[PDB]
Amino acid sequence: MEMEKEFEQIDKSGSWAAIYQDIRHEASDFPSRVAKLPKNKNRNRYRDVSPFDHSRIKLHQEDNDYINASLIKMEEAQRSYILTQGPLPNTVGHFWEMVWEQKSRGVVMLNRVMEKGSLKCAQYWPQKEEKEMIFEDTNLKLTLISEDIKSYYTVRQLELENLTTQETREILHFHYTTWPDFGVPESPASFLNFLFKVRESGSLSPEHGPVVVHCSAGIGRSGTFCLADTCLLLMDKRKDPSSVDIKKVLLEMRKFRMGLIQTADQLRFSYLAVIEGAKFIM
Ligand SMILES: Cc1nc(-c2ccc(C(=O)O)s2)cs1
């Protein structure tokens, strides 16, 4: 593990804040003009978190195509992810329209609806089988089919129905419920088991549209999810797995959405997740 030597070096020297700042400095900056139009102000949860115009997901509605969502395309890994913010009360319909239009099979949620006593996300899925949700603005119906509650995460089967065409699809909702209010998990074990559960479902496979990944802003925890998945996939593909540089992969992903990995602690956690996940393969 050359990276595990890089890990001990940065850890022993306590240089995480320093590595993190060099990533911040080197990160791409692309226009986000559509996000900043006044008519889109209530479609953004945070005024400083915007999709780049070049990678933004466009809704197929003539009126206003805008959602705070980015397509991450990792060419070498053959993996694509949509990263988005936790939906707002007024964007729950747009969220499900995007899931429908992009042919996504899975939604990965890395936050609780309430954290630190404030709402981080609208309740955008049904809590009971017999109480379905209708999104009048986008003509979609959503039903809870089943719910499997485990210690660290919940998996839900949902049926999404296009009321316009009466087509239905099954969507899997993967809800990681134990990310702490402050900092990062002590151990990456439950995060890796969650990531392997998503992979096992087929939600990340090229047969389907890209997986939708969100937390509150869609950059921090969401960033760690995609970064760990892509790094482990590249390790599997590569003739020289050690050639895998987490910092380079992160900078590539930052071409597609700003601010992925919010803290030096999330960066350290990403290294730890990848190092431990590589041990799982062996
Ligand atoms: C067959 C596989 N090898 C690895 C790695 C071996 C050595 C590494 C390194 O030194 O970084 S990664 C992951 S899966």
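Classify segment 1-68 from the C-alpha gyration tensor, please: rounded if a/c falls under 1.5, else prolate or oblate depending on whether a/b exceeds b/c. It is prolate, given that a/c is not under 1.5 and a/b is the larger ratio. Comparing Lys36, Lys73, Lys120 in a Gaussian network model of the chain, where Cα atoms under 10 Å apart are tied by springs, the biggest mean-square fluctuation is seen for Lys36.
Rounded, prolate or oblate: which one fits segment 183-282, using the alpha carbon gyration tensor with axes a ≥ b ≥ c (rounded when a/c is under 1.5, else prolate when a/b beats b/c, else oblate)? Taking the square roots of the gyration eigenvalues as a ≥ b ≥ c, segment 183-282 is rounded. Under 12 Å from a point 7 Å along the Cα-to-Cβ line of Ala27: which residues of segment 265-282 have their amide N that close? Taking a point 7 Å out along Cα→Cβ of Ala27, the residues of segment 265-282 whose backbone N falls under 12 Å are 267. Taking the Cα atoms of segment 118-262, the ratio Rg/Rh between the radius of gyration and the Kirkwood radius comes to 0.99. Residues in segment 236-251 carry Karplus couplings, in order, of 6, 6, 7, 5, 10, x, 5, 4, 6, 10, 3, 5, 5, 4, 4, 5 Hz; the curve used is 6.51 cos²θ - 1.76 cosθ + 1.60 with θ = phi - 60°, and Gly or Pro positions show x. Exposure proxy ranking for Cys215, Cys121, based on other Cβ atoms within 10 angstrom of each Cβ and starting from the fewest, stands as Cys121, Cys215. Placing +1 on each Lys and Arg Cβ and -1 on each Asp and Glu Cβ, with no other charges, gives the chain a dipole about its Cα centre of roughly 560 debye.
Counting neighbouring beta carbons within 10 Å and listing from fewest to most, the residues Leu272, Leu110 come out as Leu272, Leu110. Of the residues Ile149, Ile246, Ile23, the one that moves most in a GNM of the chain with alpha-carbon contacts below 10 Å is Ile149. Each other residue within a Cβ distance under 14 Å of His214 adds +1 if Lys or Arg and -1 if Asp or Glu, for a net charge of +4. Charge tally for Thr230 (other residues, Cβ to Cβ under 14 Å; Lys, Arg +1; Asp, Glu -1): +4.
Once Rh is set to the Kirkwood radius over Cα pairs, what Stokes-Einstein translational diffusion coefficient, in µm²/s, holds for the chain at a temperature of 4 °C and a viscosity of 1.567 mPa s?
Translational diffusion coefficient: 67 µm²/s.
In the elastic network of the chain, a GNM with C-alpha springs shorter than 10 Å, the most mobile of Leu192, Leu234, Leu119 is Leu119. Comparing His60, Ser50, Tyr124 along the charge dipole axis of segment 1-156, the residue lying farthest to the positive side is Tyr124, per the Cβ-charge model.
In the chain, taking the dipole from charged Cβ atoms about the Cα centre, the farthest positive-side position among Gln78, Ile19, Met114 is held by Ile19.
Put in line by how crowded their Cβ is, counting other Cβ atoms within 10 Å and starting with the fewest, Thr165, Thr138 read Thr165, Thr138. The angle separating the long axis of helix 92-102 from the principal Cα axis of greatest extent in the chain is about 70 degrees.
Because the Cβ atoms are built from the backbone with ideal geometry, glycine has one as well, and the counts that use them run over all protein chains shown. Any read-out appearing in this document is the output of simple, stated calculations on the displayed coordinates, not a laboratory observation.
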